[PDB]
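Data first, discussion second: the structure below is written as structure tokens.
Since every read-out is calculated from the coordinates, none of them should be taken as a lab result. FYI the Cβ positions are ideal-geometry reconstructions off the backbone, even for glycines, and counts take in every protein chain you see.
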Amino acid sequence: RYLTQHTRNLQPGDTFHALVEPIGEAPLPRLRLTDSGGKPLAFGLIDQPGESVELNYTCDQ
Amino acid sequence: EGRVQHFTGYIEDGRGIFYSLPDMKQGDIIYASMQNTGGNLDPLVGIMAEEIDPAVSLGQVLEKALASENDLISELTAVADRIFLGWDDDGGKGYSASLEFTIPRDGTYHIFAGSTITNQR
């Protein structure tokens, strides 16, 4: 019931974008963006249509 | 240089150590650095004019059962600024805790040291 994926290294000043689109009328999931250790950085947001979850993040490290 | 000291101690489950400044100097730079030496402790440095224990305020945020994780981040930032005069970041490969503060008001101040509310899984 849990899915985790790793991403490549990001240079300073770079952005990040994610999106979830249900297909089989499945309930909207919960998506969040953390680091390797696990410290949270961003949380998903549900818009008015309720058919997509969008997350944006920028790194300064 | 002016006044540098080395402090050592142990941190329990959600318990901190209180240090009280006798008199804050005017036009002075205060540097605080804390690094964990054992365990999975996450450093956190804060200061406050009064001596009220913030364990109850921090415990309420941890006790929050809100599904959305944005509230946990927002509440932690809001409760830190509205109570602590200044605070620094927690953990990290680089400067785990390095806060610079100058208070041009004089008097006795209480610097707080403890942990934060994160996850490691």
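Quick notes on this structure:
- Here is the figure for region B:1-38: residues that are hydrophobic (A, V, I, L, M, F, W, C), out of contact with any strand residue (DSSP E or B) (no Cβ under 8 Å at 6 or more places or on another chain) and closer than 18 Å to B:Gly107 by Cα total 0.
- Tabulated pairs, region A:35-54, first more than 8 Å from every other protein chain (Cβ to nearest Cβ) and under 16 Å from A:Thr15 (Cα atoms), second surrounded by 10 or more Cβ atoms within 10 Å (Cβ to Cβ) and small (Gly, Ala, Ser), C-beta under 8 angstrom, 6+ apart or interchain: A:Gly44/A:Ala18; A:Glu54/A:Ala18; A:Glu54/A:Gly44
- Every pair of residues 6+ apart whose Cβ atoms lie under 8 Å, when the first sits in region B:31-56 and is acidic (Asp, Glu) while the second is part of a loop (DSSP other than H, G, I, E, B): B:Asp42/B:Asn36; B:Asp42/B:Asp90; B:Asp42/B:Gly91; B:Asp42/B:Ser115; B:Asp42/B:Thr116; B:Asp42/B:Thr118
- B:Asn40 being closer than 30 Å to A:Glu54 by Cβ and either within 14 Å of chain A (Cβ to nearest Cβ) or of a type outside the set (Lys, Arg) (or both): no
- Scanning region B:102-120 for residues that are more than 14 Å from chain A (Cβ to nearest Cβ) and either under 18 Å from the mean Cα position of the chain (by Cα) or among the aromatic types (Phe, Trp, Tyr) (or both) yields B:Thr102, B:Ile103, B:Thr108, B:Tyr109, B:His110, B:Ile111, B:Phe112, B:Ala113, B:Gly114.
- Once region B:84-97 is narrowed to residues that are in contact (Cβ under 8 Å) with a residue 12 or more places away in the chain and within 11 Å of the chain's Cα centre (by Cα), the residue that is nearest to B:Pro54 (Cα to Cα) is B:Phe84.
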